[PDB]
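First up is the structure itself, then whatever we jot down about it.
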Amino acid sequence: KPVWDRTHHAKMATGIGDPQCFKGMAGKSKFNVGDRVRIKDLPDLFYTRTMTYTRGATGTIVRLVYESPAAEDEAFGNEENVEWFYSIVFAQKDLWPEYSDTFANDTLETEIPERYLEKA
Amino acid sequence: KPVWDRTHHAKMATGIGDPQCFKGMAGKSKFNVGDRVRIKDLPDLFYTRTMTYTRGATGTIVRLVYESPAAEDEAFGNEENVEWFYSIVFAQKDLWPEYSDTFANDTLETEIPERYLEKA
Amino acid sequence: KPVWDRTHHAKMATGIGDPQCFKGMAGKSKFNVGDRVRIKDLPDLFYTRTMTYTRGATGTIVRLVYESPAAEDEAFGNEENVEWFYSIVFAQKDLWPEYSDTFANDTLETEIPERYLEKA
Amino acid sequence: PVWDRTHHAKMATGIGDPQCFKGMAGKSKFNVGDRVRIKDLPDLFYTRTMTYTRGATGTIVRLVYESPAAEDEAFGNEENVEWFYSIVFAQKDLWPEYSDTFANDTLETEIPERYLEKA
Amino acid sequence: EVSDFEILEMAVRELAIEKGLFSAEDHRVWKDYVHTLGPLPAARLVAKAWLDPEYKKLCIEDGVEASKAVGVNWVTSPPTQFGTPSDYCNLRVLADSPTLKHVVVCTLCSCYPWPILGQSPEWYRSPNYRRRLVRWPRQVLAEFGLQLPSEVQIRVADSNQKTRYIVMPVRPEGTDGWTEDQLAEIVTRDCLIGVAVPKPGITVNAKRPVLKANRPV
Amino acid sequence: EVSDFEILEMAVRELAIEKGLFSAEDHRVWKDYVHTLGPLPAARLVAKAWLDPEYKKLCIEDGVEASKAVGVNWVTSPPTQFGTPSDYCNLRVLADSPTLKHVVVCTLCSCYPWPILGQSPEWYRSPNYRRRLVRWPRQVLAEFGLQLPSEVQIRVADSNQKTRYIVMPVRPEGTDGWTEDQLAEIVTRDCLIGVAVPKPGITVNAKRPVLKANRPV
Amino acid sequence: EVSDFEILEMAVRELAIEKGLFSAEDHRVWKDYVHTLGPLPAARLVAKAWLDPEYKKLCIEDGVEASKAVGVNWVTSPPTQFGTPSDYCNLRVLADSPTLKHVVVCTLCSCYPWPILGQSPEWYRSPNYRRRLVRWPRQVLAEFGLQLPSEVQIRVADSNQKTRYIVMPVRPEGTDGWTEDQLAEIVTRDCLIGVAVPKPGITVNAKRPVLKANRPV
Amino acid sequence: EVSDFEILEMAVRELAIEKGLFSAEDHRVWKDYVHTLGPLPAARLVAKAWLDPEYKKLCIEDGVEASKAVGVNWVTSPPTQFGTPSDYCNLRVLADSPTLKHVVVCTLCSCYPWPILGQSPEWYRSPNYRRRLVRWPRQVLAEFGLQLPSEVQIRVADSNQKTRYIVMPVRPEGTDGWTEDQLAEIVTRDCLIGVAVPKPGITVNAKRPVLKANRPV
Amino acid sequence: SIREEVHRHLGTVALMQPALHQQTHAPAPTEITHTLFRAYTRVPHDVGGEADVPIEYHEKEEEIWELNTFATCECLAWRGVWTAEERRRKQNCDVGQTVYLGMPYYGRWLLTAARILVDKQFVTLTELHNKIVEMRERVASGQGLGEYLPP
Amino acid sequence: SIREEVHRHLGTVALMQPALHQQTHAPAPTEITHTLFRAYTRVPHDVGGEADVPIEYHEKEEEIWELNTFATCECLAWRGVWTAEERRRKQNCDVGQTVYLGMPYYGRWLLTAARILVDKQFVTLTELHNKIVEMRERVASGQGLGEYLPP
Amino acid sequence: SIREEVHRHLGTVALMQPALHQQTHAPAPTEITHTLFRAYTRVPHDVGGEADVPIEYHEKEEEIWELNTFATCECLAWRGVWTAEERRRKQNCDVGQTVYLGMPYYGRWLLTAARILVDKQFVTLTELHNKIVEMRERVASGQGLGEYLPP
Amino acid sequence: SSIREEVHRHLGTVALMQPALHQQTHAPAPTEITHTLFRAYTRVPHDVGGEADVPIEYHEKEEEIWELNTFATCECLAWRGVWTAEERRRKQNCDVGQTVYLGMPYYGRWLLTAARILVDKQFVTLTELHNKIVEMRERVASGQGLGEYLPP
Ligand SMILES: [Co+3]
Ligand SMILES: [Co+3]
Ligand SMILES: [Co+3]
Ligand SMILES: [Co+3]
């Protein structure tokens, strides 16, 4: 029967934290603060944390937040690959067709790993 | 990461078959052909193959069919424990309160592993 | 305000009965016992007593039952026109596509006014 | 039966509806400023006094006109004519969850005299 | 307490009488007539027909004329003297044979031969029976405890206009020498609807659950 | 291909004309009247009320008489000469102020001041608007991009009997020395329903999707 | 076009082969084995049982051993050499008699004796058959045209663990002196599930609608 | 009378301990830690920031470093010494300004900055808040009694990965010369979520219905 | 007790049968196909051939009010207010699909007896509304209600 | 585009929201509470204050047949066949809940225009059914149908 | 009393909202469009932007069992049985659409803590089923249930 | 004939409009879950025997190429030890949950569950699966073909 390593995450993260324990593991980021990026509509079978409401929308990267395995991998116990995560601001008008022009400036900010992002 | 043994089943069952590969592993059977047994309403969280419509009904053992792990074990990869399986015949009227008196002789036969059975 | 004549039906029917009180008023019947007729799918807005399950089916007339206004007129208070009513037998196989060939001879008999019938 | 098709046009032409009913209700039971509660009269088959008003109290702000009640007109019965009132209700009185932040919000609608009783 | 239906019944009934549409005496007369009704006349018609071939020919050809012989005149027996307003005056009797067995429904509502048979059963008025019998009659009959050979023609009669039907079943085995009274006794309401067949020794409809009323007749 | 609605409409119209219930003339004249209708007169009523305090008091107290000034006579403009059968002859003009802002609905259907305002919008007829505005008006208004201080009284008018309303909004800032034409131009249909306020430079309703007809007028 | 299911099927198959979970040869071998399967061996098992009382006793007591006589070895015919993973190695043959008539379902899914009978029917997999047969078998059987005397015991077998069943129906009248080939020809798939009985001159399942696939095998 | 959830909780917890996955002491330690938590540290962070521009810069740039100053070390405060497993170690502080006002949700579940803020509110976990705030945030905030100018950017932050957020509102008028303590007192839990703004004199979250538990902590 | 639990279960799961549930809120004409048009304009008494589940058929005792309603309807017909065909059309079809299956059999007969009085203007709706209030006040004031309630 | 797919998806998962769904099948009068009596006998048009969700509001172009139906309904009132209040009661209440929300707004106006012709006996139902038969034949024959379909 | 009746009515109306309700009973692959396939395979935690009704937001007091469940889930993660992302994916997605909205929040956390024990084979399902029996027996025999029930 | 087709289409349509009391469910508090409902929400979906249902016309269905390929994949994965059929049944017929269990097609569930076992036993990351689906859709779009489903 398989054996699950119950000490691995505590060994790696104790006194460092998560996602600090992944820092440096993603290498060079593909994007920079201020880049405009469109969210790719990648297959979402079984798990994703990139909300459907964002797919195909364009936004601006405002921060490179941390490096981490993507949740699509961490939630199935796969943490060998690490990527950059970005905080992206979208105009609410670009998400919801009905949004009022009177509320011209309203935005939504959320986090997306690099795999979902293409240059706009 | 865990490793799954993929050769266990084939090594044990080749040339022999399932459930023939489990023959003898259950030890002595608790019940005999002709015994009256009631079906225990064991917790059914996550998985069972003892249908709800049998629970609490009494029927007659007509055959000791084979020995095998219970499906509640096998379906989670746990084959260490092997028990006897019994074919049980129920009167339809005992299952379904509205079953017609006209059709007094009708029955249902299905298989139940030993853990669900108690002497009636 | 309009005035409703509350005596008309009792004056016409008392001692005679309904539908006896319309006998003779339909004139010559268009069909005869033993004619094969198909049920026309006439518009059914607001009211009909010619069930949808019969529309477009073919059956055999087995009786000219009586003369009466059609229910589509009587139910709105219009009894100036009177027509022949026919009892029609359908084979169950011609109504329900699933009906078993083992039940080869089963039939359905119901009444239809002349307005719905065409020669088959 | 025969339906009279000329009745309405004969009475309303050159005048209008509800102007053609002016004076037929006699004296009004209530006055502008009165507080009135809406009676939960049976509503089988038809009403134009919305369920959401029943049992609420509001203020009369205008005696708008005289007309048969719609509960009568909609079945062809125009013999009785009554006064109609425009009522203002506080929103908090209609909807238990209404925000205290929006304390001043109201709803105005019209109700014939039969549904009103002094609060 | 009283229900909304009780309130509305009294209201309707009092208004109708106030407006002169019917009287209190009319209403009592009609309820009194309905209380007279029941399945015995129709059971009698079947027993008479089993014993007299000429009378069976008349039942099959002219059920209205036949019904007179058991005291139910469909024109003149009800208080209107024009047939009841809802069941009219065109009874037909459907004769079962060794190759034909009938069963009756009103898929559109609950039309039933009250003048000769009495009140319709609850389940007969049910959407469930009205949906299923026309299309799966052997399945529904089997639930009532009746099955026939597959080559026997089961005919469903749907009472969708002014005709009302009763079923004349075949006379069962084991009734040699029986009198009209003995024969009529085994022709129950269910036999006359066609969901059961007469059997020597069986003189009441099959027992089934009775849903109770809040406030009964 | 023609729909069931088009077939039925021609059936009803040909039968009404054949039976003499209205004439072919009547139907053409009514459609020609409806084609004359639109939001321009109501916007002129508001601009004139802003320019003349005596006319504004006439609007608030007697909308029917005021309406004559912009060429809509609620009695004699429609072909009937007794007002339109469905919109009646009792317009009220609701005057917003710095502490009061009105919006209108017909919860029971779609009653709208057609003679002075023209066609009711599709969304005004929706069960969604009809349910929600009376109870969550600040939620609905905010979906239209209108919010007002929590202290301003928002008053929903539910047009449930024979009165129809238009809203006379407050005159906005940024319009010093404006003419009647300039003021009328910013008072759109939506301002007259109450779901928008007039704003300099905005002379059309807020864009939203337009669901297309299979065969449009 | 190609569907989401066709794209996923190629993705899972290419990934399993890339990761060495099974080989491309394994997949071709399995499909080739499935193409061999069908209802002929089970029908021959029944015909041989009717013709030889000792073989019939072997079928009722030990269906796995009996199956070898019709070329189906439940251990060694499938590519695994340990039976198919989903149908196992415990066939039971259920013998009908003049007082006992069996019909089979798998209420939990669709378990069926593929090695000796071939593909399970679409209807056999439906939630409808799986709900209803165990509780109203005589209603379901009558929808298939099968009815039996109320006194015959109808036994529904629910295939919920590792046993798979076939029904060995009673040999019908009208087959005196028939050969094994003649007998086998009337024992259809449906007779082996229990929803039909074998009849002389009927050599195909009862016709019913066939729902077509977008891209058929 | 224990509920199904109480039974299954005890079962799970006893099994986990029996199997040596965590100890009874571990579980007590965690519950003890959770009992320590609450919104005061986060209120203190905002008060300190309103008083020290350099520390406000650190809050906006590095919320994890900033949290240390109010005693919440996101790595070493929790019993794991690696941050809590569910809230991680990347706090961000969102700074409101006269032209920007934030509010936070987790549309995917209920992610919330427990180490610095304490327990998430019931309504924050609700599907209803999780559906609506992202798409109608002005409508939802108005229900909580908050409205902002239309030209102010409302930013909704959706906490869908490892970052957790607190909102640093603008310092309100009427707080000249206030001490850190008086300032922290008006920064309620709701202000830190962004569904309220701090107001002098208001030191608790707006009262709302509380749904009671069958059996409480 | 175990069997009762099993049967309550089998009843409960039916309520969770998945479905594609499209609330309809006054769809545009372009959303109505000929199929839908024929279905929404159907008369609802026409049930024959529709699929339905097994039930154990029962008898039912008659309520006093049901007998009185039946008599009221037949007397209104005897005395020429309507014919039974007019009644069937109003009671079994005009009530519409929701009331047709949501309310009881004799509920429909009774609502339609009230309806005929108003539709043919034998009473105004005001008189009907007023009489219902009268009946409720008779009850509340301990004055009883015909044979349903003694004083 | 991807965005079209996103909004289509949000609309689709609304069809799959879990519910406890109890079909209703002519219950006995003992299953009807006061609450349910009042709810089944409600006038359908009275919807103010009912819960509902935010929806995008749209405009809709007028269909030729809608303009023709509106003018028919108003010309029938001008010429005294009904008053608009009779129309509202037939159109918005007597159609019953299912049609009231399932059919389009002018679908109800048109059905109700056909209804008033039959209920006040200006046209028999036979004349209306026959006219529908003849109109469908006109369309099928190639001879045209007024402004809807040229020959 | 009148107002409570009004509000109960408005709640009841909503249950009769007409709909086209298509029960799904394992449709063939030709009945599943790309739109349906994307909707059926969605992860159900992804609710943002779905339309919903107004509610009065409430606080809720915590059940003893909810605090215990939360601590159990976090201690299982502290001691390396899973990570919180593994939990979220099992608890908020793998449970499927029906349980996702039919069961309560911490109900799902608790079912998913039981699930991890079985899926990673720290306990067999037999051990879990047997332990539930043990807990029910502890209760019935007057022996108490931790903090929930004294002996 | 065409009219009969319209008749049976109509009976099917009217069944969509049957009246019901329809209560949407939205994460209730634990105080609204009875034992009856707990047992009903935690039921294993496959266990349907004895549930009420209506008569339906039973039909045959031709096998799709993708269904035969799915069936063979699921049995080859068991032959070669990735799972046993019982593990497959439990994942396929129970853990999918009620909505998918009755909303998707029978071999739809077999195919999803074959993808599922590859990810749950870590033979393939979810990223590999998502990327393979991306690459397959590009294959189709490009004109290069997709096995026996689509010639180039
Ligand atoms: Co009837
Ligand atoms: Co209106
Ligand atoms: Co199976
Ligand atoms: Co969360």
Side-chain angles (χ1 to χ4, degrees), chain B residues 49 51 71 110, chain C residues 49 51 71 110, chain D residues 48 50 70 109, chain E residues 86-88 104-114 120 124-127 129-130 158-165, chain F residues 86-88 104-114 120 124-127 129-130 158-165, chain G residues 86-88 104-114 120 124-127 129-130 157-165, chain I residues 45-48 84-85 87-88 91-93 105 108-109, chain J residues 45-48 84-85 87-88 91-92 105 108-109, chain L residues 46-49 85-86 88-89 92-93 106 109-110:
Chain B
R49 301 194 68 77
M51 297 66 75
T110 190
Chain C
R49 294 196 73 78
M51 291 74 69
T110 194
Chain D
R48 297 192 70 76
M50 299 72 65
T109 191
Chain E
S86 287
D87 323 288
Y88 304 106
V104 188
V105 58
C106 179
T107 64
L108 301 177
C109 49
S110 61
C111 295
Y112 185 85
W114 279 74
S120 53
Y124 185 93
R125 305 170 183 181
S126 72
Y129 184 79
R130 297 163 45 212
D158 187 359
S159 309
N160 63 324
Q161 305 287 353
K162 294 177 175 175
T163 290
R164 297 292 176 268
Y165 297 100
Chain F
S86 291
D87 319 290
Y88 310 104
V104 179
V105 58
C106 174
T107 65
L108 296 179
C109 55
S110 54
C111 296
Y112 188 90
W114 282 72
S120 52
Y124 183 92
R125 310 168 186 177
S126 71
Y129 188 75
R130 287 171 54 226
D158 185 356
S159 308
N160 66 327
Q161 308 285 354
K162 291 183 181 174
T163 293
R164 296 292 175 275
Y165 303 101
Chain G
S86 291
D87 323 288
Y88 310 103
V104 186
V105 56
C106 173
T107 66
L108 300 178
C109 59
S110 58
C111 298
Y112 187 90
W114 283 71
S120 57
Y124 183 97
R125 310 170 185 174
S126 72
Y129 186 72
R130 290 167 50 224
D158 186 357
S159 305
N160 65 326
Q161 305 286 353
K162 288 183 185 173
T163 293
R164 296 293 179 272
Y165 303 103
Chain I
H45 71 173
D46 190 6
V47 300
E85 277 291 322
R87 176 175 65 62
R88 287 188 191 88
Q91 176 187 296
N92 302 324
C93 297
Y105 183 85
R108 296 179 297 95
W109 277 69
Chain J
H45 72 175
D46 183 14
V47 297
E85 267 306 307
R87 175 179 63 64
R88 293 194 187 87
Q91 187 187 284
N92 303 332
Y105 168 89
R108 296 180 300 96
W109 283 59
Chain L
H46 69 173
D47 180 15
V48 295
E86 272 302 308
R88 176 181 61 64
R89 290 194 191 86
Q92 185 189 287
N93 308 328
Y106 172 88
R109 298 179 301 96
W110 279 66

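Each ligand, and each atom within it, is numbered from 1 in the order the structure gives. We name chains A, B, ... by the order of the sequence lines, and we start the count at 1 in each one.
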Practice problem: Could you tell me whether any N, O or S atom belonging to G:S159 is less than 2.8 Å from the Co ion (ligand 3)? | Solution: no

Quiz item: Counting only N and O atoms by type, is there a donor-acceptor contact under 3.5 Å from the side chain of G:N160 to the main-chain atoms of B:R49?
Solution: yes

Self-check item: Whether E:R130 side chain and I:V47 backbone form a donor-acceptor pair below 3.5 Å
Solution: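 No: the side chain of E:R130 does not pair with the backbone of I:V47.
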
Practice problem: Identify the heavy atoms of F:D158 and D:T109 that sit nearest to each other, and give their distance. | Solution: O-OG1, 3.0 Å

Quiz prompt | Closest heavy-atom pair and its distance - G:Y124, G:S110 | solution = CE2-O, 3.5 Å

Exercise. Just to the nearest 10 degrees, tell me the angle at the Co ion (ligand 2) spanned by F:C111 N and F:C109 SG.
Key: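 For N of F:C111 and SG of F:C109, the angle centred on the Co ion (ligand 2) reads 170°.
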
Self-check item: Apex the Co ion (ligand 1); atoms E:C106 SG and E:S110 N; angle rounded to 10 degrees
Solution: 100°

